[PDB]
Every structure is written in C-alpha cells, then in structure tokens.
$ cat data-v9.txt   # compact mmCIF, C-alpha atoms
# COMPACT_ATOMS: atom_id res chain seq x y z
CA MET E 1 -106.38 -35.55 80.95
CA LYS E 2 -106.83 -37.86 77.92
CA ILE E 3 -110.10 -38.79 76.20
CA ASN E 4 -110.13 -42.62 75.56
CA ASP E 5 -112.20 -45.82 76.29
CA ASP E 6 -111.34 -45.59 80.04
CA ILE E 7 -113.22 -42.22 80.09
CA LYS E 8 -116.17 -43.72 78.14
CA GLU E 9 -116.36 -46.53 80.79
CA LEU E 10 -116.10 -43.84 83.56
CA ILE E 11 -118.96 -41.73 81.98
CA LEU E 12 -121.25 -44.82 81.63
CA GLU E 13 -120.45 -45.88 85.23
CA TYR E 14 -121.26 -42.44 86.73
CA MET E 15 -124.34 -41.98 84.45
CA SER E 16 -125.77 -45.29 85.92
CA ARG E 17 -125.06 -44.06 89.51
CA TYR E 18 -126.84 -40.69 89.24
CA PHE E 19 -129.55 -41.45 86.65
CA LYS E 20 -132.29 -44.06 87.31
CA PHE E 21 -133.57 -43.46 83.75
CA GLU E 22 -130.91 -43.11 81.01
CA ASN E 23 -133.00 -40.68 78.86
CA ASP E 24 -132.91 -38.18 81.80
CA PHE E 25 -129.16 -37.91 80.94
CA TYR E 26 -128.62 -38.64 77.20
CA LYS E 27 -131.45 -36.27 76.11
CA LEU E 28 -129.82 -33.34 78.04
CA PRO E 29 -129.02 -30.08 76.14
CA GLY E 30 -125.42 -30.29 74.89
CA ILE E 31 -125.53 -34.14 74.99
CA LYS E 32 -128.76 -34.75 72.96
CA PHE E 33 -128.42 -38.38 71.76
CA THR E 34 -131.18 -40.04 69.70
CA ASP E 35 -132.39 -43.34 71.32
CA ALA E 36 -130.52 -45.31 68.56
CA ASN E 37 -127.20 -43.35 68.83
CA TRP E 38 -127.28 -43.69 72.64
CA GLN E 39 -127.48 -47.55 72.43
CA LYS E 40 -124.65 -47.43 69.76
CA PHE E 41 -122.54 -45.35 72.25
CA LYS E 42 -123.24 -47.74 75.23
CA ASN E 43 -122.52 -50.90 73.13
CA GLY E 44 -119.05 -49.81 71.81
CA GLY E 45 -120.21 -48.73 68.33
CA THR E 46 -118.95 -45.12 68.75
CA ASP E 47 -115.29 -44.05 69.17
CA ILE E 48 -115.30 -41.43 72.02
CA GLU E 49 -111.93 -40.08 70.71
CA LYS E 50 -113.66 -39.01 67.43
CA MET E 51 -116.95 -37.76 68.98
CA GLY E 52 -117.64 -33.98 69.10
CA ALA E 53 -115.57 -32.25 71.83
CA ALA E 54 -118.55 -30.19 73.09
CA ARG E 55 -120.75 -33.34 73.47
CA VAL E 56 -118.02 -35.39 75.28
CA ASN E 57 -117.16 -32.51 77.64
CA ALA E 58 -120.89 -31.83 78.30
CA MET E 59 -121.28 -35.48 79.50
CA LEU E 60 -118.24 -34.95 81.79
CA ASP E 61 -119.51 -31.51 82.96
CA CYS E 62 -122.89 -33.04 83.98
CA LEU E 63 -121.41 -36.03 85.89
CA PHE E 64 -118.37 -34.39 87.55
CA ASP E 65 -117.53 -31.23 89.44
CA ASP E 66 -114.73 -29.27 87.68
CA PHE E 67 -112.38 -30.23 90.56
CA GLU E 68 -113.29 -33.94 89.95
CA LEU E 69 -112.31 -33.40 86.27
CA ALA E 70 -108.82 -32.38 87.53
CA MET E 71 -108.76 -35.54 89.78
CA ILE E 72 -109.63 -37.71 86.73
CA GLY E 73 -106.59 -36.31 84.84
CA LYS E 74 -104.23 -36.71 87.83
CA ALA E 75 -105.62 -40.30 88.43
CA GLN E 76 -104.93 -41.15 84.70
CA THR E 77 -101.26 -40.07 85.11
CA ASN E 78 -100.92 -42.38 88.19
CA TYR E 79 -102.84 -45.27 86.51
CA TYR E 80 -100.97 -45.31 83.15
CA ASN E 81 -97.55 -45.20 84.93
CA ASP E 82 -98.36 -47.98 87.49
CA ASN E 83 -98.38 -51.57 86.10
CA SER E 84 -99.80 -52.98 89.40
CA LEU E 85 -102.88 -50.65 89.10
CA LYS E 86 -103.58 -51.58 85.41
CA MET E 87 -103.10 -55.30 86.25
CA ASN E 88 -105.55 -55.30 89.21
CA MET E 89 -108.37 -52.84 88.46
CA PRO E 90 -110.13 -50.85 85.68
CA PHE E 91 -109.56 -47.06 85.53
CA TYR E 92 -112.97 -45.93 86.96
CA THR E 93 -112.39 -48.04 90.15
CA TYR E 94 -108.86 -46.57 90.52
CA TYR E 95 -110.40 -43.05 90.14
CA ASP E 96 -112.88 -43.81 93.07
CA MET E 97 -109.89 -44.89 95.16
CA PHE E 98 -107.92 -41.68 94.17
CA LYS E 99 -110.99 -39.55 95.07
CA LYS E 100 -111.49 -41.38 98.43
CA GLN E 101 -107.78 -40.78 99.27
CA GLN E 102 -108.28 -37.03 98.49
CA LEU E 103 -111.24 -36.94 101.00
CA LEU E 104 -109.07 -38.75 103.64
CA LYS E 105 -106.34 -36.10 103.08
CA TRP E 106 -108.92 -33.26 103.62
CA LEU E 107 -110.27 -34.96 106.84
CA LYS E 108 -106.69 -35.47 108.15
CA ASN E 109 -105.24 -32.00 107.40
CA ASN E 110 -108.36 -30.03 108.56
CA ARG E 111 -111.70 -31.71 109.35
CA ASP E 112 -113.07 -28.27 110.46
CA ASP E 113 -112.68 -26.95 106.82
CA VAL E 114 -114.77 -29.93 105.48
CA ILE E 115 -118.35 -28.94 104.59
CA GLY E 116 -121.12 -30.73 102.72
CA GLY E 117 -124.61 -30.69 101.25
CA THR E 118 -127.09 -32.65 99.16
CA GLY E 119 -126.62 -32.40 95.41
CA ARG E 120 -129.43 -32.58 92.87
CA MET E 121 -129.27 -33.58 89.22
CA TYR E 122 -131.05 -31.73 86.40
CA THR E 123 -132.90 -33.93 83.87
CA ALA E 124 -133.65 -33.54 80.14
CA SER E 125 -137.44 -33.13 80.88
CA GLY E 126 -136.69 -30.06 83.08
CA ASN E 127 -136.96 -31.82 86.49
CA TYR E 128 -134.49 -32.68 89.31
CA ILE E 129 -133.26 -35.92 90.92
CA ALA E 130 -133.36 -35.34 94.63
CA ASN E 131 -130.45 -36.61 96.71
CA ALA E 132 -128.41 -37.55 93.58
CA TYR E 133 -125.12 -37.27 95.61
CA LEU E 134 -123.43 -35.90 98.72
CA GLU E 135 -121.37 -32.85 97.82
CA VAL E 136 -118.20 -32.34 99.90
CA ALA E 137 -116.06 -29.17 99.79
CA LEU E 138 -113.27 -27.28 101.56
CA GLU E 139 -114.88 -24.07 102.92
CA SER E 140 -111.59 -22.09 102.59
CA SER E 141 -111.71 -22.82 98.78
CA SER E 142 -114.98 -20.74 98.46
CA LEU E 143 -115.38 -18.84 95.16
CA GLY E 144 -118.57 -17.05 96.33
CA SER E 145 -122.25 -17.67 95.37
CA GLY E 146 -122.23 -21.36 96.45
CA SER E 147 -119.14 -22.16 94.34
CA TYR E 148 -115.96 -23.85 95.71
CA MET E 149 -112.58 -24.52 94.07
CA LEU E 150 -112.13 -27.88 95.92
CA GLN E 151 -115.34 -29.90 95.67
CA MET E 152 -116.30 -33.62 95.31
CA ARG E 153 -119.32 -35.89 94.90
CA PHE E 154 -120.07 -39.18 96.74
CA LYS E 155 -122.93 -41.68 96.73
CA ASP E 156 -124.06 -43.67 99.89
CA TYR E 157 -123.93 -47.41 99.03
CA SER E 158 -124.76 -48.92 102.36
CA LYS E 159 -127.62 -51.24 103.08
CA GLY E 160 -128.11 -49.31 106.37
CA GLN E 161 -128.30 -45.88 104.62
CA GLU E 162 -127.77 -43.76 107.79
CA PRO E 163 -129.89 -40.59 107.02
CA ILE E 164 -127.56 -37.68 106.12
CA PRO E 165 -128.16 -35.01 108.78
CA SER E 166 -128.51 -31.28 108.08
CA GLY E 167 -126.18 -29.40 110.45
CA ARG E 168 -122.43 -28.72 109.98
CA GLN E 169 -121.05 -30.86 112.89
CA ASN E 170 -123.56 -33.73 112.40
CA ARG E 171 -122.66 -33.88 108.72
CA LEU E 172 -118.88 -33.96 109.28
CA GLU E 173 -119.32 -36.83 111.82
CA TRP E 174 -121.67 -38.66 109.36
CA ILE E 175 -118.92 -38.44 106.65
CA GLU E 176 -116.26 -39.74 109.12
CA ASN E 177 -118.57 -42.65 110.19
CA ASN E 178 -119.49 -43.61 106.56
CA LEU E 179 -116.08 -43.53 104.84
CA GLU E 180 -116.40 -47.25 103.90
CA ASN E 181 -120.00 -46.75 102.62
CA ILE E 182 -119.49 -43.82 100.17
CA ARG E 183 -118.13 -44.17 96.61
CA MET S 1 -116.43 -27.11 81.87
CA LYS S 2 -117.80 -26.19 78.37
CA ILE S 3 -116.15 -26.48 74.91
CA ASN S 4 -116.93 -23.33 72.83
CA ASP S 5 -115.23 -20.38 70.97
CA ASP S 6 -114.06 -18.91 74.34
CA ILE S 7 -111.96 -22.12 74.80
CA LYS S 8 -110.62 -21.88 71.21
CA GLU S 9 -109.51 -18.25 71.98
CA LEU S 10 -107.99 -19.48 75.30
CA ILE S 11 -106.03 -22.32 73.54
CA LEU S 12 -104.67 -19.88 70.87
CA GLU S 13 -103.70 -17.35 73.57
CA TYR S 14 -101.81 -19.91 75.72
CA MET S 15 -100.23 -21.58 72.65
CA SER S 16 -98.70 -18.13 71.72
CA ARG S 17 -97.37 -17.69 75.32
CA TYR S 18 -95.53 -21.03 75.57
CA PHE S 19 -94.58 -21.67 71.92
CA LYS S 20 -92.27 -19.22 70.06
CA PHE S 21 -93.06 -21.14 66.82
CA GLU S 22 -96.65 -22.34 66.24
CA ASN S 23 -95.63 -25.59 64.44
CA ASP S 24 -93.80 -26.69 67.66
CA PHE S 25 -97.36 -27.03 69.08
CA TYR S 26 -99.83 -27.83 66.26
CA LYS S 27 -97.64 -30.66 64.86
CA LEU S 28 -97.56 -32.41 68.31
CA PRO S 29 -98.70 -36.09 68.56
CA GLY S 30 -102.43 -36.24 69.37
CA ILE S 31 -102.95 -32.69 67.95
CA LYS S 32 -101.28 -33.11 64.50
CA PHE S 33 -102.68 -30.33 62.29
CA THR S 34 -101.63 -29.79 58.67
CA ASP S 35 -100.32 -26.22 57.98
CA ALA S 36 -103.57 -25.44 56.03
CA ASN S 37 -106.01 -26.90 58.65
CA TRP S 38 -104.18 -25.00 61.46
CA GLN S 39 -104.73 -21.69 59.58
CA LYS S 40 -108.41 -22.64 59.09
CA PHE S 41 -108.70 -23.40 62.88
CA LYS S 42 -106.90 -20.13 63.81
CA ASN S 43 -109.20 -17.84 61.72
CA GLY S 44 -112.63 -19.27 62.63
CA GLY S 45 -113.12 -21.76 59.79
CA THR S 46 -113.31 -24.80 62.16
CA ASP S 47 -115.99 -25.29 64.82
CA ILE S 48 -114.15 -26.44 68.00
CA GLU S 49 -117.50 -27.86 69.30
CA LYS S 50 -117.53 -30.39 66.40
CA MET S 51 -113.77 -31.21 66.43
CA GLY S 52 -112.60 -34.61 67.77
CA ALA S 53 -112.77 -34.79 71.60
CA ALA S 54 -109.35 -36.44 71.89
CA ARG S 55 -107.71 -33.68 69.74
CA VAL S 56 -109.33 -30.78 71.64
CA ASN S 57 -108.51 -32.31 75.04
CA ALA S 58 -104.89 -33.04 73.88
CA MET S 59 -104.45 -29.25 73.09
CA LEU S 60 -105.85 -28.45 76.59
CA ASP S 61 -103.71 -31.19 78.26
CA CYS S 62 -100.51 -29.73 76.66
CA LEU S 63 -101.24 -26.08 77.63
CA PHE S 64 -102.78 -26.55 81.10
CA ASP S 65 -102.11 -28.50 84.26
CA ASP S 66 -105.14 -30.69 85.20
CA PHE S 67 -105.78 -28.34 88.18
CA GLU S 68 -105.82 -25.37 85.69
CA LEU S 69 -108.44 -27.31 83.66
CA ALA S 70 -110.64 -27.28 86.83
CA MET S 71 -109.97 -23.48 87.21
CA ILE S 72 -111.07 -22.93 83.56
CA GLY S 73 -114.42 -24.65 84.29
CA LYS S 74 -114.96 -22.75 87.58
CA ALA S 75 -113.97 -19.42 85.80
CA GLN S 76 -116.52 -20.21 83.02
CA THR S 77 -119.33 -20.61 85.64
CA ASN S 78 -118.41 -17.17 87.16
CA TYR S 79 -118.03 -15.52 83.69
CA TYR S 80 -121.31 -16.78 82.11
CA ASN S 81 -123.32 -15.74 85.23
CA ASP S 82 -121.76 -12.21 85.53
CA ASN S 83 -122.97 -9.67 82.91
CA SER S 84 -120.34 -7.06 84.02
CA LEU S 85 -117.50 -9.59 83.28
CA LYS S 86 -118.89 -10.50 79.80
CA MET S 87 -119.44 -6.78 79.00
CA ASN S 88 -115.88 -5.70 79.94
CA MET S 89 -113.49 -8.51 79.01
CA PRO S 90 -113.11 -11.69 76.91
CA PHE S 91 -113.10 -15.07 78.76
CA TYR S 92 -109.32 -15.83 78.60
CA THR S 93 -108.61 -12.42 80.28
CA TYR S 94 -111.11 -13.23 83.05
CA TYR S 95 -109.46 -16.70 83.47
CA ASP S 96 -106.01 -15.04 84.03
CA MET S 97 -107.64 -12.86 86.70
CA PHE S 98 -109.35 -15.95 88.31
CA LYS S 99 -105.98 -17.81 88.27
CA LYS S 100 -104.10 -14.75 89.73
CA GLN S 101 -106.71 -14.54 92.54
CA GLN S 102 -106.15 -18.28 93.28
CA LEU S 103 -102.35 -17.61 93.60
CA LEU S 104 -103.01 -14.64 95.95
CA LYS S 105 -105.26 -16.94 98.08
CA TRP S 106 -102.37 -19.51 98.34
CA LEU S 107 -99.84 -16.74 99.23
CA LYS S 108 -102.25 -15.40 101.92
CA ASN S 109 -103.65 -18.65 103.51
CA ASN S 110 -101.12 -21.39 102.46
CA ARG S 111 -97.82 -19.33 102.30
CA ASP S 112 -95.51 -21.96 103.99
CA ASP S 113 -96.84 -24.52 101.49
CA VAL S 114 -96.17 -22.54 98.25
CA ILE S 115 -93.40 -24.13 96.14
CA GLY S 116 -92.23 -23.35 92.63
CA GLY S 117 -89.95 -24.35 89.78
CA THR S 118 -89.19 -23.98 86.09
CA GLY S 119 -91.47 -25.83 83.69
CA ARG S 120 -90.47 -27.19 80.30
CA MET S 121 -92.53 -27.78 77.14
CA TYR S 122 -92.14 -30.74 74.71
CA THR S 123 -92.13 -29.72 71.01
CA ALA S 124 -93.25 -31.62 67.84
CA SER S 125 -89.51 -31.85 66.81
CA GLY S 126 -88.75 -33.93 69.96
CA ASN S 127 -86.91 -31.34 72.06
CA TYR S 128 -87.80 -29.18 75.11
CA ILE S 129 -88.45 -25.41 75.55
CA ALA S 130 -86.55 -25.35 79.03
CA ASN S 131 -88.00 -22.12 80.82
CA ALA S 132 -91.52 -22.27 79.23
CA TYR S 133 -93.29 -21.21 82.44
CA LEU S 134 -93.11 -20.76 86.21
CA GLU S 135 -94.78 -23.74 87.91
CA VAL S 136 -96.39 -23.01 91.29
CA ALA S 137 -97.77 -25.77 93.57
CA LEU S 138 -98.96 -26.50 97.11
CA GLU S 139 -96.41 -28.98 98.55
CA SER S 140 -99.04 -30.65 100.83
CA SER S 141 -101.02 -31.58 97.63
CA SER S 142 -98.13 -33.89 96.47
CA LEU S 143 -99.24 -37.00 94.52
CA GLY S 144 -95.71 -38.47 94.36
CA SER S 145 -93.21 -38.63 91.41
CA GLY S 146 -93.19 -34.82 90.87
CA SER S 147 -97.01 -34.66 90.60
CA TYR S 148 -99.21 -32.29 92.68
CA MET S 149 -103.02 -32.04 92.97
CA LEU S 150 -102.90 -28.18 93.24
CA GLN S 151 -100.60 -26.77 90.57
CA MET S 152 -100.59 -23.66 88.31
CA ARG S 153 -98.49 -22.13 85.50
CA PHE S 154 -97.40 -18.50 84.99
CA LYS S 155 -95.57 -16.78 82.11
CA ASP S 156 -93.07 -14.11 83.11
CA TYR S 157 -93.44 -10.88 81.10
CA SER S 158 -90.62 -8.87 82.71
CA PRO S 159 -83.67 -17.90 92.68
CA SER S 160 -82.54 -20.72 95.05
CA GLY S 161 -84.46 -21.34 98.28
CA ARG S 162 -88.11 -21.94 99.24
CA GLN S 163 -88.76 -18.60 101.11
CA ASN S 164 -86.55 -16.84 98.44
CA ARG S 165 -88.44 -18.12 95.28
CA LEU S 166 -91.57 -17.31 97.36
CA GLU S 167 -90.34 -13.67 97.71
CA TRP S 168 -89.59 -13.54 93.92
CA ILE S 169 -93.25 -14.62 93.24
CA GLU S 170 -94.55 -11.95 95.70
CA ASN S 171 -92.34 -9.24 94.05
CA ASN S 172 -93.37 -10.21 90.46
CA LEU S 173 -97.18 -10.55 90.85
CA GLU S 174 -97.69 -7.72 88.28
CA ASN S 175 -95.10 -9.28 85.85
CA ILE S 176 -96.67 -12.73 85.53
CA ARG S 177 -99.81 -13.94 83.76
$ encode --input "data-v9.txt" --output "structure tokens"
Amino acid sequence: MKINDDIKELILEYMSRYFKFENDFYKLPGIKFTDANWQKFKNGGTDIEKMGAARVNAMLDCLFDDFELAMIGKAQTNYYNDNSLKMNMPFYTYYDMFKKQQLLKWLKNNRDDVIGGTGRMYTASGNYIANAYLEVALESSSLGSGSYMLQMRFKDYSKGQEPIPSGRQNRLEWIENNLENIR
Amino acid sequence: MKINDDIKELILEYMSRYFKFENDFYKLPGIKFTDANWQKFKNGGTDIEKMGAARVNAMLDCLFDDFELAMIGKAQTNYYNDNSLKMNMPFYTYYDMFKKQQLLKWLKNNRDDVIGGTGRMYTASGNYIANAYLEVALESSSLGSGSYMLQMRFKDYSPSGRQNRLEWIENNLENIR
C-alpha cells in the first residue's frame, strides 16, 4: 500500500458511488472537512501524501472493507509493475478489475462458501444510506459477530436493476447472473 | 482501519522485531526520520494522527504484508468492541493473537494449501536482512510473480519440503509471533 494521487482518485470515485450528497461523507467524524477545504481537496489543491494520516485512513476506512484495503495494496503492486496496465487504464479502474477477478476466484473455488447482504452507509448527520452496496463474503472466513476476514463491496450498475433477493441460494444465483452488472 | 497511538505502538513493536538497528528502518526512503525526530516519535512527542499519510503508510507497508494490514483493521474492530480485551492487553498483543488464530484456521481448514518461506527486509543502507521473518501464504491465493492475496509474517523466538515446512510450523506454534 502507498498513499499517492491514484488513491485520492480512488477515494473520490468511491465517495461519488456511495454518497448522493458529498457532505454526508466529508463532514463525517474523523474526516471533518470544511466546505472550502473539501472543494480544495476535490480540485487538486491538497497533497494527499502530506495530509493527516488519521484523516486519510478514515476516508479509506469509510469507503472500503479492511479486506478491500489489502486488495488496493496488492492491485497497486500489479499496476506499478505492468506497463500495459498503466498505458491503458487509470488505477481505480484496474482495482475494480482486480476485485472482480477475486470474486470470480471465490465463485470458482467454492460458490457454496459465498454469502452476501445489503450494506448501509452511515452519514455525518447521523442517518443511513439504504442499499449503499452489496456486501459479499466467504462464510468460512467468519470472525464472529457479523465480521468476516474475506469481504467485498459491489454496486449494481445495470439499467435493469434485477431486485437483490433475500435468501442464501437466490442471492448466490443473483450474483452469478449479474457479474457483468456489478462494479 | 484507524490511525491512532495503538498503531504507533504496533509500528514500534514490529520495527524492533525485524530491525536489529533502528536506523536501518527509520532512515528508509519514504520514512526518512532525522535521529532527533525519531526519538521524539518514539517517546510520544509526535502525534501519529497528524503525521503525513504517505510517511505513516510507508512505515506500515514496510512492516506488514497488505493482507496483515487488513488483519490489523479487523483486529481493531474486535478490540475496540470488547471491554475484556482492552482491560487485559494492549492492542499489538491482541493483534498477534488475532494473527495466530488466522494461522490456526489455515492449518485446520486449508492445510494442503499452506506454503512458507524465508522473508528478507531491505535496509536504509541498501542491503538485506536475509532471515527477517517466516512468510506463510495460501498457495491458491497466488497473484503471480511471487505475490499472494493471503499472506502473513511470523518472527521465530526459539526445512525443505511442503509437508515438512508445514510440520515445522505446526511444531513451532508457541515459538513464533
């Protein structure tokens, strides 16, 4: 893992995916940007490398599962050592591809260990964004109390938007039928 | 995860495990402390929360595999929500326990997939500390070019072949942290 402009672009990309209103994110405890400093951050006026470590890691902690933070670091290693990848796509897009390949690996090795659920997002005003993402985990990686060592987040980007069913088998089949629609 | 004093204590603990001489670590590119500022950092004079994000994450990147960085964050969630854990032990100690329990899980449920090898550490003077740690990974998690999605590091405080090195790990569970 390396903090740089690719990570700033990744944060801003994922912030826009989960948060309809930017202030629901940038006013969060641990992040707490003023309206002016937020705009400065979005527009390239603030070097993420020199920003406070707690603030940068709080933005990452909000947007990504801890396992996704490991995937970001592993994706960076692949990206910075592959000239074809750097030539063709920005880092955040490569990360989505790395993450999708991890899900394909889970589905291939043991589809029956793949579980999921709807994820919500806490806002600065003390409310929640319903259906912010689809949370996917390997059941065997359970850490107890709804925690999992291997866990990921996806967003449904289809026009069709096939309703995500509640029920273990129906959800696994939904995932398998919407692989091209989730990012 | 969360950057706080528990992480500063964790960095200092792991730095002491892998680096015989402190300057081999704190003078590294991307970390680059002066002798005076390192002393200030070491004895609570520098707030890690306010330090540069790239510097803090470079210290973490050196000391931990990216999968271990995920384990730190998951361990923090368990630790901050369990009053018995906070009462009895500091965070870094709990993290070693969380990590050890992850290894036991791999040995129990993914035994035929457990691979290992010697890890080396790059120093500020441009050389390598050859047997810095035992590297343990799940072969099926391979990312190509010696990279693995699921990978951990252990320090031995006390062998050729896959099932053999596996038996060494199983016989030295109490000797590694």
$ residues_near_point --input "data-v9.txt" --point "(-123.9, -30.9, 83.5)" --cutoff "10 Å" --atoms "all atoms listed in the file" --output "PDB file with C-alpha atoms, in the coordinates of the input"
ATOM      1  CA  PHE E  25    -129.160 -37.910  80.940  1.00  0.00           C
ATOM      2  CA  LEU E  28    -129.820 -33.340  78.040  1.00  0.00           C
ATOM      3  CA  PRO E  29    -129.020 -30.080  76.140  1.00  0.00           C
ATOM      4  CA  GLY E  30    -125.420 -30.290  74.890  1.00  0.00           C
ATOM      5  CA  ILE E  31    -125.530 -34.140  74.990  1.00  0.00           C
ATOM      6  CA  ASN E  57    -117.160 -32.510  77.640  1.00  0.00           C
ATOM      7  CA  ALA E  58    -120.890 -31.830  78.300  1.00  0.00           C
ATOM      8  CA  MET E  59    -121.280 -35.480  79.500  1.00  0.00           C
ATOM      9  CA  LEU E  60    -118.240 -34.950  81.790  1.00  0.00           C
ATOM     10  CA  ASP E  61    -119.510 -31.510  82.960  1.00  0.00           C
ATOM     11  CA  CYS E  62    -122.890 -33.040  83.980  1.00  0.00           C
ATOM     12  CA  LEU E  63    -121.410 -36.030  85.890  1.00  0.00           C
ATOM     13  CA  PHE E  64    -118.370 -34.390  87.550  1.00  0.00           C
ATOM     14  CA  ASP E  65    -117.530 -31.230  89.440  1.00  0.00           C
ATOM     15  CA  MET E 121    -129.270 -33.580  89.220  1.00  0.00           C
ATOM     16  CA  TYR E 122    -131.050 -31.730  86.400  1.00  0.00           C
ATOM     17  CA  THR E 123    -132.900 -33.930  83.870  1.00  0.00           C
TER      18      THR E 123
ATOM     19  CA  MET S   1    -116.430 -27.110  81.870  1.00  0.00           C
ATOM     20  CA  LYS S   2    -117.800 -26.190  78.370  1.00  0.00           C
TER      21      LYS S   2
END
$ atom_distance --input "data-v9.txt" --atom1 "CA of residue 173 in chain S" --atom2 "CA of residue 135 in chain S"
13.7 Å
$ interface_residues --input "data-v9.txt" --of "chain S" --to "chain E" --cutoff "6 Å" --atoms "only C-alpha atoms" --output "NGL selection string"
:S and (1 or 3 or 49-54 or 61 or 66-67 or 70 or 73)
$ closest_residue --input "data-v9.txt" --among "S:106, S:133, S:19, S:38" --to "residue 166 in chain S" --atoms "all atoms listed in the file"
S:106
$ atom_distance --input "data-v9.txt" --atom1 "CA of residue 152 in chain E" --atom2 "CA of residue 136 in chain E"
5.1 Å
$ atom_distance --input "data-v9.txt" --atom1 "CA of residue 132 in chain E" --atom2 "CA of residue 154 in chain E"
9.1 Å
$ closest_residue --input "data-v9.txt" --among "S:98, S:43, S:138, S:32" --to "residue 77 in chain S" --atoms "all atoms listed in the file"
S:98
$ residues_around --input "data-v9.txt" --residues "residue 103 in chain S" --least-positions-apart "6" --cutoff "12 Å" --atoms "all atoms listed in the file" --output "ChimeraX atom specification"
/E:141 /S:68,71,96-97,109-111,113-116,135-138,150-154,166,169-170,173,176-177
